[PDB]
There are 2 protein chains.
Amino acid sequence: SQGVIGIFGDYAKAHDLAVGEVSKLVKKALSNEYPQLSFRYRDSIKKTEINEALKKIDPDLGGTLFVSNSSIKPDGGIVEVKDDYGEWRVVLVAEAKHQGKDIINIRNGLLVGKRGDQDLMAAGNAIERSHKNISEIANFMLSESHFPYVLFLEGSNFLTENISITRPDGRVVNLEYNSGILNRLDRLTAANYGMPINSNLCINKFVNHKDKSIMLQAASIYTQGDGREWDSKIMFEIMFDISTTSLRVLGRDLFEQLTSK
Amino acid sequence: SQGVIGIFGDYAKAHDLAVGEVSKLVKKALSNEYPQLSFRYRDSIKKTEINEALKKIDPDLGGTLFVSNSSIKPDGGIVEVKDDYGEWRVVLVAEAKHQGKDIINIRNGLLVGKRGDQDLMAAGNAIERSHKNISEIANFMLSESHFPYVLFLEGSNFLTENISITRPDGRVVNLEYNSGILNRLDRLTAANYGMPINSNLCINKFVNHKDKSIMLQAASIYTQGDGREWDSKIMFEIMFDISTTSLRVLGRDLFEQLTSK
DNA sequence: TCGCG
DNA sequence: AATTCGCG
DNA sequence: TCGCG
DNA sequence: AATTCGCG
Ligand SMILES: [Mn+2]
Ligand SMILES: [Mn+2]
């Protein structure tokens with residue numbers, strides 16, 4: 001849209017970049033916009049880093065590790081800035097998940113199910129895995145006021161509108177987006193506390209209850225509601241939106257070099 | 001141990017109760033100890049309940065639901081008390097997870113792996129599912145100061161000490177508890193912020209950072225380190241320990257009926 | 001190799 | 001990765 | 001039946 | 001449920 005990020009976007013659409021390769025393009029574009037700031041991209045972050053990050057908040061936290069070389073590699077990597085104190089502040093982390101062959105299966109006439117008679121396939125629950133990494137990066141950033149975690153969904157198990165796929169013998173299949181036989185979207189809505197789905201939830205909500213005030217860290221959860229695949233341009237533009245917001249909340253610690261380099 | 005909870009314990013060991021049936025025995029024993037209080041046990045709690053619970057903290061929270069009849073059934077159920085305001089306060093919620101056939105496979109001479117040559121089986125990552133329900137019940141209790149979630153682990157993928165299993169041709173297998181080829185324990189340590197494993201982490205830690213003070217909700221994560229199965233008595237005694245702590249933190253709202261009934 | 005996915 | 005199916 | 005596991 | 005295996 002805004003000028004130069006339109007060229008980058010068309011570039012992503014032109015090659016159908018996976019989320020990893022788009023995440024690097026966000027590093028690219030960001031560095032064209034903020035040439036005073038220093039961005040790094042990495043494909044891993046490891047439990048020692050998280051642990052020490054935790055310990056720096058409380059001396060009783062982050063004291064565990066069973067497999068020494070333990071890491072987590074979000075399939076979208078991690079983008080970072082260096083702040084005015086040389087520390088590195090994570091601007092983005094993204095992951096991509098698939099679930100629900102149903103549209104392809106219907107499209108090709110292949111009937112599924114134990115006895116080969118099922119038009120649809122009883123939705124499984126693997127997508128609950130997505131919660132661990134979210135817990136990790138949310139712990140990693142337990143001292144930040146922003147949580148730039150974007151999870152990208154697609155597949156028949158994540159429909160947000162009602163679609164009818166037509167199997168080879170001319171027959172259509174009414175696919176009811178709100179069926180528990182299909183839709184697994186609710187398996188994720190714990191991550192952003194039941195706030196909007198396709199939405200920038202990067203800046204943390206500071207809710208309260210008693211004297212007990214608390215901070216909330218909400219993963220931004222995006223979907224391709226029509227069951228189709230993601231436009232590499234749109235994926236990029238979202239990721240750019242999240243990361244700029246991430247920088248906006250970090251602006252206290254990015255003033256000096258942005259105004260003196 | 002303490003008198004009557006020893007009889008209940010021997011009862012659980014005598015029939016090798018699954019965690020569900022033990023969770024009901026905790027309701028049993030608790031009601032023998034607190035006959036003024038009113039305990040309920042249920043096998044489900046549903047997303048509408050969670051959502052409304054969320055909304056009662058912030059009018060922007062808990063506004064999502066795709067499959068109407070959406071529930072979550074922790075395999076250990078939910079135990080509750082009625083407080084002085086007729087409201088129900090969850091005293092316990094427990095789940096049981098398995099991973100790692102390796103000990104049984106070695107024990108029976110069955111070599112695994114794509115080409116039938118592997119003594120061990122490359123550990124998979126399904127146990128990351130455990131994080132969703134934890135996020136759910138942690139959201140459900142976002143207004144409490146206690147989080148009585150107990151997760152029970154067992155299997156070769158959750159060893160905490162070093163064990164050697166002996167395959168039928170007299171051969172032993174050194175099983176290295178800290179191998180990433182085996183141990184998946186680190187896949188869970190995000191849930192209790194890297195605090196102790198076999199430990200009552202029910203009372204919430206109130207850590208801080210800036211002016212921003214925050215509350216933490218740590219699942220209590222127990223293991224059978226030697227790869228063996230759980231003693232139904234020990235499972236029960238832990239669950240009892242957690243729930244009594246849960247009551248201790250609830251004692252403001254349990255005074256009147258405990259002293260007037 | 002280890003370990004994440 | 002992310003699936004297939006079982007249980008109510 | 002729907003939906004969780 | 002919770003698995004098998006692929007990728008570095
Ligand atoms: Mn992925
Ligand atoms: Mn279970």
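Sequence lines set the chain letters: A, B, ... in the order given, protein chains first and strands last, and positions in each chain run from 1. Basis for what follows: all heavy atoms, side chains included, without hydrogens, waters or symmetry-related copies.
Atom CG in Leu188(A) sits roughly 16 Å away from atom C1' in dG3(E) (whole-Å rounding). Between the CG atom of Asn157(B) and the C1' atom of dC4(C) there is a distance of 13 Å, given to the nearest Å. Rounding to whole angstrom units, CG of residue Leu151(A) and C1' of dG5(C) are separated by 14 Å. Spacing between atom CG of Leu65(B) and atom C1' of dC4(E) amounts to 15 Å, rounded to whole angstrom units. Across the protein-nucleic acid pair, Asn183(A) atom CG and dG3(E) atom P stand 10 Å apart, rounded to whole Å. As rounded to whole Å, 14 Å separates atom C1' of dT1(E) from atom CG of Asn178(A). Summarising the geometry, the separation between CG on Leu110(A) and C1' on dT4(D) is reported as 13 Å, rounded to the nearest angstrom. Atom CE of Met121(B) and atom P of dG6(F) are 10 Å apart (whole Å).
Phosphate proximity of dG6(D) to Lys114(A): present, with a side-chain N or O under 4.0 Å from OP1 or OP2. Listed pair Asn69(A) / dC4(C) fails the phosphate criterion, with no side-chain N or O lying under 4.0 Å from OP1 or OP2. Between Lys47(B) and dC4(E) there is no side-chain polar atom (N or O) within less than 4.0 angstrom of OP1 or OP2. Taking only side-chain nitrogens and oxygens, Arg184(A) never comes nearer than 4.0 Å to OP1 or OP2 of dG3(E). Side-chain nitrogen and oxygen atoms of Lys132(B) include at least one within less than 4.0 Å of the OP1 or OP2 phosphate oxygen of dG5(E). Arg129(A) has a side-chain polar atom (N or O) that falls below the 4.0 Å cut-off from OP1 or OP2 of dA1(D).
Across all strands shown, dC7(F) forms a Watson-Crick or G-U wobble pair, both distances under 3.5 Å, with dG3(C).
One finds a salt bridge joining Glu52(A) and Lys55(A) here, because a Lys/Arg side-chain nitrogen approaches an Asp/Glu carboxylate oxygen to under 4.0 Å. The pair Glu49(B)-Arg42(B) meets the salt-bridge criterion, since a charged nitrogen lies less than 4.0 angstrom from a carboxylate oxygen. A salt bridge links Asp119(A) with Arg171(A): the distance from a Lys NZ or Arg NE/NH1/NH2 to an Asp or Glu carboxylate oxygen falls below 4.0 Å.
Side-chain proximity of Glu128(A) to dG5(E), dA2(F), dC4(E): nearest is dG5(E).
Summarising the geometry, atom NZ belonging to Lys233(B) is positioned 10.5 Å from atom CG belonging to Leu25(B); distances are rounded to the nearest 0.5 Å.
Side-chain contact, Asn174(B) with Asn162(B): a donor N or O sits under 3.5 Å from an acceptor N or O.
Looking at heavy-atom distances under 4.0 Å, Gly155(A) makes no contact with the nucleic acid at all. Residue contacts for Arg115(A): at a heavy-atom cut-off of 4.0 Å it reaches no nucleic acid atom on any strand shown. Backbone-only contact: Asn133(B) has heavy atoms under 4.0 Å from sugar-phosphate atoms and none from a base. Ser70(B) comes within 4.0 angstrom of the backbone, heavy atoms only, and of no base. Using a 4.0 Å heavy-atom distance criterion, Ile127(B) is classed as making no nucleic acid contact.
Each of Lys73(B) and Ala126(A) has a nearest nucleotide on DNA chain D; the 5'-most of these lies closest to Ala126(A). In terms of position on DNA chain D, the residue among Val112(A) and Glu95(A) whose nearest nucleotide sits closer to the 5' end is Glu95(A).
In this structure, the side chain of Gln99(B) engages the main chain of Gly124(B) through a donor-acceptor pair within 3.5 Å.
Side-chain to base pairing of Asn125(A) with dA2(F): one donor and one acceptor N or O lie within less than 3.5 Å of each other.
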